[PDB]
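Visitor:
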Amino acid sequence: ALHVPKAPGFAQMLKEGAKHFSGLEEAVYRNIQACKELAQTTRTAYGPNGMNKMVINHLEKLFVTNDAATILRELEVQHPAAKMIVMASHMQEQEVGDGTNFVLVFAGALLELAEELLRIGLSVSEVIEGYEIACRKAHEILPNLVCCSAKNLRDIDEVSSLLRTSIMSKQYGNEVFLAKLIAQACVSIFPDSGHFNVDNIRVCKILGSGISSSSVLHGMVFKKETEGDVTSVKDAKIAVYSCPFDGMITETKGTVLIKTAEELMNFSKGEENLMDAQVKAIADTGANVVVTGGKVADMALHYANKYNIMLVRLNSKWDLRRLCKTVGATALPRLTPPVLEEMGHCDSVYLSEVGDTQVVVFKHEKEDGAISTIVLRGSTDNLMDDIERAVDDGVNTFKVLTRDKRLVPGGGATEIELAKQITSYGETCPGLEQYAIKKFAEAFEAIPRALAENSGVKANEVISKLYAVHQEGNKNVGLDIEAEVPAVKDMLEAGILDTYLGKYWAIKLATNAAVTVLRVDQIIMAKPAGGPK
Amino acid sequence: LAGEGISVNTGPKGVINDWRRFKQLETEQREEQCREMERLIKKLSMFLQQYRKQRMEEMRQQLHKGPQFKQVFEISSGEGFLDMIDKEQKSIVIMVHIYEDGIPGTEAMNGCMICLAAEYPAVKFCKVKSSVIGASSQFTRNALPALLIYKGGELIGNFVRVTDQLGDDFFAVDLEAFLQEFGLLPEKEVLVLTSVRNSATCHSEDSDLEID
Amino acid sequence: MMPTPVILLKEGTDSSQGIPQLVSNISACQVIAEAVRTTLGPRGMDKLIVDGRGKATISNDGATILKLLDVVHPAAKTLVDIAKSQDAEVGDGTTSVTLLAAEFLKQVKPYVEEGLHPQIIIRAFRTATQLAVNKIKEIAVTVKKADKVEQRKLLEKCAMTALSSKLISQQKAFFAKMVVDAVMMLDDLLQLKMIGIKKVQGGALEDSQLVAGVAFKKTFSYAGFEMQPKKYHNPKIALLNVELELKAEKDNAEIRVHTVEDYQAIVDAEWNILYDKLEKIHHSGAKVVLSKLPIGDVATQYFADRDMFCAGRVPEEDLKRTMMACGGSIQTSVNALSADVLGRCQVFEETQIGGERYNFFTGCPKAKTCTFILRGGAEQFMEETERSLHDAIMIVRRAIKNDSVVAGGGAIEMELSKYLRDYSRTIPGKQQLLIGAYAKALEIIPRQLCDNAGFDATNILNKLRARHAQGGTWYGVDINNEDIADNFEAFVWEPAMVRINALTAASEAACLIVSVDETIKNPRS
Amino acid sequence: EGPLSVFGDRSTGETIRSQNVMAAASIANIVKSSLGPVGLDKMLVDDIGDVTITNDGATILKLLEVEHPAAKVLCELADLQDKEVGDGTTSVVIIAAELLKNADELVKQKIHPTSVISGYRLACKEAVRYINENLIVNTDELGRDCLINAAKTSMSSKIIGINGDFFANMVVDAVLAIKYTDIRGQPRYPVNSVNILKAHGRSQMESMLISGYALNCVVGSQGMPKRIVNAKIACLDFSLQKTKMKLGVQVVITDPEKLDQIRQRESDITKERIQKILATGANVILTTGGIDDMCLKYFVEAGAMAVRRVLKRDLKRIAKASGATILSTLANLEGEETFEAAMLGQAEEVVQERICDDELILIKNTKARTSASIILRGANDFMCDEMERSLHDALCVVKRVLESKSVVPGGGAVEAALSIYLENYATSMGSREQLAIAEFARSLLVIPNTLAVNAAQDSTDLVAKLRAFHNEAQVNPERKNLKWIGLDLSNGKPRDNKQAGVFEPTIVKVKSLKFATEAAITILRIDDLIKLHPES
Ligand SMILES: Nc1ncnc2c1ncn2[C@@H]1O[C@H](COP(=O)(O)OP(=O)(O)O)[C@@H](O)[C@H]1O
Ligand SMILES: Nc1ncnc2c1ncn2[C@@H]1O[C@H](COP(=O)(O)OP(=O)(O)O)[C@@H](O)[C@H]1O
Ligand SMILES: Nc1ncnc2c1ncn2[C@@H]1O[C@H](COP(=O)(O)OP(=O)(O)O)[C@@H](O)[C@H]1O
Ligand SMILES: [Mg+2]
Ligand SMILES: [Mg+2]
Ligand SMILES: [Mg+2]
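Protein chains in written order, with the authors' numbering: chain q, 2 to 534; chain P, 48 to 93, 136 to 301; chain h, 1 to 525; chain A, 2 to 537.
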């Protein structure tokens with residue numbers, strides 16, 4: 002009577018390192034606790050008053066940021082339920098670009114309230130049905146909460162005002178300047194055709210002069226140098242070649258079979274003459290810049306230097322394609338001289354040094370082009386990385402605005418209005434699902450609560466004020482960040498607006514993740530074993 | 048303390064037998080110490138894509154056919170390992186398995202070697218515990234499952250943590266393909282089922298000779 | 001903390017959160033700044049750091065010392081990063097950026113301890129830094145004359161101020177003149193690669209020389225090299241990229257013959273190819289032959305027989321400098337060696353320099369390059385001399401870019417602190433405390449100068465504050481006279497952008513450090 | 002290893018000075034979260050599962066294991082404050098570490114430590130002088146309410162704080178009971194003569210104040226009565242056992258007939274003594290020594306309570322309270338053995354009271370003197386122990402107020418006033434001392450800062466408003482009522498603490514400054530450390 006044996010049946014047949022969890026307390030409550038812990042970890046980095054987190058991954062690489070998706074991806078989350086919530090957040094990041102923290106906070110709140118509902122007596126099926134009903138109601142209500150629309154995307158001022166809110170949460174101190182930069186970069190891109198490509202905006206990070214010295218260049222910047230002696234062209238005539246700048250060779254195997262003395266003596270002379278003829282034929286088309294994706298032969302380099310031809314070597318094919326897009330050239334596969342339609346043009350190409358790094362600049366005089374680049378300065382690599390993440394968020398916001406032009410008030414106004422309307426609807430609904438609907442409505446309060454907590458005020462007073470103000474009917478009212486006392490203000494005048502599509506997708510994904518986590522009843526984990534990656 | 052230029056005369060000469068007595072023992076010990084050192088420490092410090142033929146190779150790998158199915162050679166002495174690797178013809182490959190009883194990832198390996206021995210009679214599959222060899226504490230604790238391979242008296246196989254690239258459910262087909270990827274398994278030969286045996290001995294033939 | 005059977009993160013994950021984490025970050029920044037504290041000003045010292053292999057390095061340079069430290073603290077690495085950033089953008093003041101950032105953090109540490117919201121501190125830092133940068137731009141002294149003599153004197157004074165903290169400070173005037181003369185020859189881009197720097201053991205510092213041309217070490221002469229004359233009074237230089245050897249015509253060349261006459265013809269053809277290249281080079285009229293690729297012994301003897309000079313395996317940067325000094329081109333083919341592609345220098349000579357042989361190209365009138373030949377008693381001696389010269393060269397290049405100067409010795413910072421205190425006296429009071437703390441932290445550099453020099457810092461700072469309050473912008477620390485003086489009249493000049501970038505980088509680092517509330521350390525793979 | 006050739010480590014200059022500040026700051030940071038009404042307790046697991054939940058600074062630092070000599074100085078500083086004052090233990094550690102931390106900054110600024118020490122000594126003397134002249138309130142003009150208010154401040158930040166309305170009256174009535182005057186006619190209050198008994202069970206509000214004395218003892222035999230209507234207490238300091246002859250006496254029998262009578266005397270000696278004690282009418286017999294079984298029977302037959310193994314200190318308190326006399330022996334000055342009725346203490350009742358499955362003696366309404374005891378009821382042993390520690394502080398606070406009849410406003414009112422005054426006064430002493438005295442003035446503000454930060458409020462604004470109010474008091478002669486303005490942690494705004502009844506004994510603040518200054522001076526005096534390697 003000193004040991005409790007394993008129960009006969011499945012308990013004995015289990016493997017050595019395996020783990021089995023079944024029932025409410027062992028599985029569902031524990032999953033809810035894990036998801037709540039994940040939400041707690043990410044909570045403090047929400048809103049303009051969010052705090053950056055120094056995260057160091059297994060490779061001893063330092064990340065400091067407040068982007069929820071980056072923080073989650075830099076943490077090796079082990080619990081499968083939190084893994085699922087992270088997958089939902091990453092899916093939201095991929096689909097929209099902003100709102101990962103909203104997804105995570107909403108999922109955590111929903112799961113916590115689901116745990117409370119299960120404790121007070123409801124069933125999992127009832128809770129899931131209630132959340133699905135409430136999510137459908139919220140998606141119905143959301144279009145009616147739209148306050149204004151973009152109504153113009155070729156303008157600089159309007160696009161800057163629209164993009165300020167997205168990049169105010171990250172880099173709160175200085176958002177106007179970054180908004181102006183990203184607005185200019187996006188307006189240069191996005192031609193009369195309605196299609197907008199996010200990848201057409203490039204970011205170059207050059208260290209040294211503080212982020213306020215960043216600028217926008219209509220073209221591209223490569224952290225390389227020029228192989229040849231020429232380092233400046235004023236009427237660029239780029240002739241892109243995807244082949245190495247050398248005489249082509251046989252693909253199977255080539256051996257120089259010499260049978261007489263004269264052939265041996267004349268081989269090198271003939272080869273050099275052929276190289277010179279090819280390079281002169283290239284130069285006779287007026288081309289003065291040559292960009293090659295392969296190696297550069299010594300004799301080819303010499304003959305190019307003889308004819309005053311700039312040489313730029315691009316190691317990556319993606320850079321070659323981007324340069325072709327931004328210049329207007331075609332990546333030739335042979336050393337044949339380029340024809341006029343394949344002839345690349347640019348306003349200016351030169352070699353310049355920024356800070357202490359030599360760069361090659363392909364600059365367009367016009368405020369237009371296929372590809373635009375943002376030269377980012379700063380005093381730290383991590384700071385420039387954060388500025389790049391903010392730039393990505395702003396560009397994704399611009400893309401979403403291109404897809405859908407509707408906007409809803411931010412700063413917890415939309416969440417409070419949604420909670421109020423869903424609570425009002427839940428009263429009219431009889432049956433047991435009304436509790437789940439009301440908890441779904443209450444879960445929206447975690448957004449204004451997080452904003453108030455991060456801003457340093459009492460969340461309860463802010464929430465009560467928001468409910469009162471929305472009770473009279475001002476549905477565009479959220480908390481005021483620039484105040485040391487709990488206060489609210491109208492977001493429409495303040496211009497604090499977030500994309501409707503982002504809210505829609507974030508709510509959908511958070512609800513789906515919470516419901517899918519709730520559906521799980523048993524967990525059969527296997528021995529972790531190895532898995533180096 | 049002076050006269051350090053001793054230039055000793057016969058002391059070491061007079062004790063030459065006693066000196067060789069333990070010098071030979073130390074040489075014998077460092078024989079296996081150097082043989083093992085070549086394994087320890089250095090690696091201890093750290136729809137054709139779906140194998141259509143894997144299944145069918147599994148079924149006709151169940152072709153024991155002959156008498157019983159035998160078992161891998163078990164080595165219970167380090168000197169036994171040393172004087173079996175030192176001896177024997179170096180033309181054919183010698184494969185050694187290191188294991189400790191109880192630890193997972195062993196029985197599957199032994200079954201794979203058992204199945205492969207029938208496929209390749211030339212190979213000399215054998216297994217030995219890490220305890221008798223004299224493996225280090227780290228190698229014993231978390232480096233036991235390893236396929237030591239020797240050919241020509243020198244290492245040809247440098248495999249430890251075979252479960253990392255094989256898991257724990259790997260079959261003989263998986264191990265055979267993995268080894269053939271590196272070109273270490275000797276190529277198969279055509280074989281037929283003899284009645285049982287023909288030959289008895291080889292000596293002066295004295296065959297038939299019709300003479301007047 | 002109840003133990004979950006299935007924990008959220010991986011085992012061994014370390015997480016420190018809250019006010020203690022930020023206080024630890026500030027303390028770590030202080031610790032890092034202490035390691036470079038005493039290397040400031042004319043009375044600064046040098047630090048010796050030994051790597052694992054035992055190769056010691058001696059430096060007065062803040063960025064070098066910080067890099068040589070194996071800093072792993074995530075908050076402390078920001079100071080090293082901003083030091084490297086200041087070195088890249090400006091090249092001088094790498095100690096000042098770290099000192100200022102750590103002083104900012106130390107000044108705001110008490111307010112953090114009492115629960116002040118970090119966003120307020122960050123906003124105050126941004127406002128103070130913007131105001132200080134605008135003040136520096138406004139009160140920086142510039143001359144609207146572009147006079148050659150005045151500009152040269154300004155550059156020389158800036159270089160002397162930059163150099164007057166290193167072991168070559170005794171010869172600071174000499175080295176500043178050399179640096180200014182070197183920089184003025186660079187044409188438009190002022191590329192560093194166009195200023196050679198060679199180091200040879202033996203000799204006093206005053207034996208260092210600047211060659212108006214190019215010089216490089218002798219490169220593995222073959223047999224028959226000693227029969228080549230070693231002085232030419234108007235040589236024509238044939239800069240080549242050619243291997244002058246008897247070798248296979250091509251890597252994949254195969255010769256198939258079936259007659260002894262053809263065999264002899266092939267041998268004579270190889271010899272004739274080599275002799276054709278050599279004869280073309282000789283008939284080009286050149287007297288000095290330099291090749292990036294090796295030059296064989298046969299070619300060396302051929303050139304000796306013609307009273308010419310050869311040198312193979314010349315490093316590429318040396319050939320580029322020779323091109324810039326003499327004015328030719330690097331011909332990969334000898335088939336067209338026209339007169340225009342041949343470099344020309346007045347005198348070429350090979351001399352003995354401290355136990356080594358160096359080839360000298362002097363007398364170039366159109367040279368756009370130079371080469372520093374540094375003499376010293378030890379390897380680290382020349383290394384530190386090169387670092388100091390690099391600092392001076394960067395300062396002079398940037399001063400060529402723009403001639404805006406502010407007086408050094410902390411005078412500019414005392415003026416900035418006075419201005420910031422004056423501003424902070426006229427704001428509500430939550431920002432006032434933080435801006436006053438910023439102004440107080442701006443006084444670290446004069447105090448550090450006094451501490452390193454061995455004065456009484458408090459009295460000097462009191463005198464400086466009184467002088468700045470009562471009038472007088474450029475009054476800073478006078479190290480020799482144990483007192484204060486007008487550093488503008490004392491020619492303690494530095495470019496204003498140096499202080500601009502120092503303040504900007506220090507403010508950005510302080511804001512980034514303060515903005516962090518949690519640190520998560522995943523277990524190493 | 003160097004030319005000095007000493008077997009041990011060595012630290013010199015700013016290296017050791019920073020270590021001492023780091024060590025002192027570490028101790029303060031331990032207890033900074035246990036200060037003020039919004040402070041919280043701590044669990045101290047004792048490596049074997051023993052749990053100690055406490056808020057007292059002395060108790061925390063006594064249990065902690067410390068290694069650094071500088072930290073040991075502050076840990077012993079807390080114990081000294083507890084012994085000599087009884088309250089303010091957490092404040093003195095916080096102030097001393099803050100005094101040392103600010104003094105180190107001046108030393109790093111090349112200010113000589115002697116000047117800093119000279120400045121600190123001057124500031125401490127003037128802070129004490131200023132307190133005794135402008136910040137003290139005489140308890141004569143307040144009455145009985147000040148003692149309750151002074152006590153209620155003590156229970157604040159303790160587990161009995163919210164019920165302090167009921168506990169303050171219970172504490173005050175206990176101290177007034179044990180009061181008696183001595184030579185020169187100076188009343189004194191022997192606090193810790195109020196026996197405190199812990200027993201879990203009912204809520205804290207059912208804690209009892211016994212108008213007498215309580216013993217953690219029971220009657221010797223179950224056959225005795227468990228209640229005496231009119232006790233005649235007899236206190237003995239010897240054992241009522243079988244009489245065994247001393248070591249120097251030997252019993253040798255040569256006539257076998259004499260053996261039986263000698264064995265009779267081994268028990269009849271004790272019986273005669275007990276008969277003498279009972280013949281005088283004694284009902285309750287309290288003894289420090291043991292009692293054998295047969296002797297217990299004599300009290301049983303007489304119907305008298307007999308308690309054995311009574312603590313020596315408990316017996317003294319009962320004898321003083323009941324008027325009895327401790328008798329180490331039954332020997333008069335005539336060489337005989339007798340027990341007179343004059344050596345009998347009297348009480349109106351003695352009860353074997355039962356308290357939560359355990360029983361204890363209640364000696365109710367002692368005559369010729371007044372005595373008090375307190376029984377604390379809690380949810381478990383863990384909370385009962387903390388109630389005793391909290392109650393001990395309250396008894397000490399009331400003792401200081403009754404003896405020294407001056408009080409000062411609480412809630413950082415004194416610290417804020419001193420910071421304004423000292424920094425203004427610091428502008429008249431040389432040049433080096435001015436910085437040291439100003440730092441002393443600023444270092445005092447850690448107390449109001451620590452109270453505010455515990456309540457999660459804007460400590461920067463509250464102290465600024467608190468300092469602003471005090472600044473007006475020191476510059477405007479007709480606005481001197483602002484001296485009493487302190488902190489109100491419930492609402493986060495300045496409040497007139499004299500009206501609010503937040504008081505402290507003047508000795509708590511004054512002794513804190515003297516102890517903190519000298520402790521800070523001792524550490525500041527060091528600039529080198531030699532740590533010899535242990536011989537093991
Ligand atoms: N100036 C502002 N005032 C109030 N709320 C703001 C302001 N700027 C942004 N927000 C709010 O912050 C939220 C964005 O938080 P963020 O850190 O971007 O998380 P996510 O990346 O998941 O959107 C939005 O819901 C928006 O309402
Ligand atoms: N002769 C001088 N007199 C007074 N101050 C000087 C003098 N030379 C340099 N300084 C001061 O020393 C400070 C630090 O410069 P230095 O130590 O040379 O480079 P770094 O800042 O890179 O360490 C500068 O701010 C400058 O004002
Ligand atoms: N009701 C109250 N309102 C404001 N301040 C108070 C109140 N009660 C106590 N305080 C203050 O809180 C400080 C902390 O006291 P406490 O830490 O409980 O004593 P100790 O230092 O002996 O542990 C005291 O200096 C006191 O002035
Ligand atoms: Mg966002
Ligand atoms: Mg310098
Ligand atoms: Mg107290």
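We put the beta carbon where it would ideally sit given N, CA and C, even for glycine.
What does residue 556 of chain h touch in chain q if you count any residue whose Cβ is under 7 angstroms from its own?
Guide: With chain h represented from 1 up to 525, any question about residue 556 of chain h goes unanswered, as that position is not in the structure.
Visitor: In angstroms with no decimal places, state the Cα-to-Cα distance between P/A266 and q/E252.
Guide: Counted from its first residue, the second sequence places residue 266 of chain P at position 177. Counted from its first residue, the first sequence places residue 252 of chain q at position 251. Cα to Cα, the separation comes out at about 32 angstroms.
Visitor: To the nearest angstrom, how far is it from the Cα of A/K126 to the Cα of A/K515?
Guide: Here residue 126 of chain A is taken as the residue at index 125 of the fourth sequence, counted from 1. Here residue 515 of chain A is taken as the residue at index 514 of the fourth sequence, counted from 1. Distance between the alpha carbons of A/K126 and A/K515: 8 angstroms.
Visitor: Against chain A, with Cβ distances strictly below 8 angstroms, would h/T39 count as a contact?
Guide: Residue mapping note: residue 39 of chain h aligns to position 39 of the third sequence, counting from 1. Chain A contact via Cβ: absent.
Visitor: So which of A/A342, A/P70, A/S323 and A/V301 has the shortest CA-CA distance to residue 539 of chain A?
Guide: This structure leaves residue 539 of chain A out entirely; chain A is present only between 2 and 537.
Visitor: What does a CB cutoff of less than 7 angstroms around P/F214 pick up in its chain, not counting 5 residues either side in sequence?
Guide: On the second sequence, position 125 is the one that residue 214 of chain P refers to. Cβ neighbours of P/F214 beyond the five flanking positions: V161, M184, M202, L205 and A206.
Visitor: Could you list which residues in chain P have their beta carbon closer than 7 angstroms to that of q/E17, in chain order?
Guide: Numbered from its first residue, the first sequence carries residue 17 of chain q at position 16. Residues of chain P passing the Cβ test: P193.
Visitor: By how many angstroms is the C-alpha of A/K466 removed from the C-alpha of A/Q475?
Guide: Reading the fourth sequence from its first residue, position 474 is the one you call residue 475 of chain A. Reading the fourth sequence from its first residue, position 465 is the one you call residue 466 of chain A. C-alpha separation (whole angstroms): 14 angstroms.
Visitor: Does ligand 6 have even one heavy atom less than 7 angstroms from the beta-carbon of A/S513?
Guide: Along the fourth sequence, read from residue 1 onward, the residue named residue 513 of chain A stands at position 512. The answer is no for A/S513.
Visitor: Considering Cα atoms alone, identify which of A/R266, A/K365 and A/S204 is closest to A/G379.
Guide: Your numbering for residue 379 of chain A matches position 378 in the fourth sequence. Here the closest residue by C-alpha is A/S204.
Visitor: Please tell me whether A/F383 and A/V46 are closer than 8 angstroms, where the distance is taken between their beta carbons.
Guide: In the fourth sequence, the residue the question calls residue 383 of chain A occupies position 382. In the fourth sequence, the residue the question calls residue 46 of chain A occupies position 45. In this structure, A/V46 does not lie closer than 8 angstroms to A/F383 by Cβ.
Visitor: Please work out which residues of its chain come closer than 6 angstroms, Cβ to Cβ, to A/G282, disregarding the five sequence neighbours upstream and downstream, and give them in chain order.
Guide: Position 281 of the fourth sequence, counting from 1, holds the residue named residue 282 of chain A. If we look at A/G282 and ignore the five residues flanking it on each side, its Cβ neighbours are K233.
Visitor: What residue ranges within the region 457-522 of chain h form continuous beta strand (DSSP E) runs of no fewer than 3 residues, ordered along the chain?
Guide: Complete beta strand (DSSP E) runs here, min 3: 475-478, 483-486, 493-495 and 516-521.
Visitor: Give me, in chain order, the residues of the same chain whose beta-carbon lies closer than 6 angstroms to that of A/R228; leave out the 5 immediate sequence neighbours on both sides.
Guide: By one-based count along the fourth sequence, residue 228 of chain A stands at place 227. For A/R228, where only same-chain residues beyond five positions count, the Cβ hits under 6 angstroms are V352.
Visitor: For A/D88, verify whether its CB is less than 7 angstroms away from any heavy atom of ligand 3.
Guide: The count along the fourth sequence starts at 1 and reaches residue 88 of chain A at position 87. Yes, since a heavy atom of ligand 3 falls inside the 7 angstroms radius drawn around the Cβ of A/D88.
Visitor: If the cut is a Cβ gap below 8 angstroms, which residues of chain q does P/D253 touch?
Guide: Position 164 of the second sequence, counted from the start, is the residue given in the question as residue 253 of chain P. Residues of chain q passing the Cβ test: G531 and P533.
Visitor: Whose Cβ in chain h lies nearer than 9 angstroms to the Cβ of q/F246?
Guide: The sequence position of residue 246 of chain q within the first sequence is 245, counting from 1. Neighbours of q/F246 on chain h: none; closest Cβ ~13 angstroms, over 9 angstroms.
Visitor: Report yes or no: do the region 386-398 of chain A and the region 238-249 of chain A share at least 3 C-beta pairs separated by less than 8 angstroms?
Guide: No, they do not touch.
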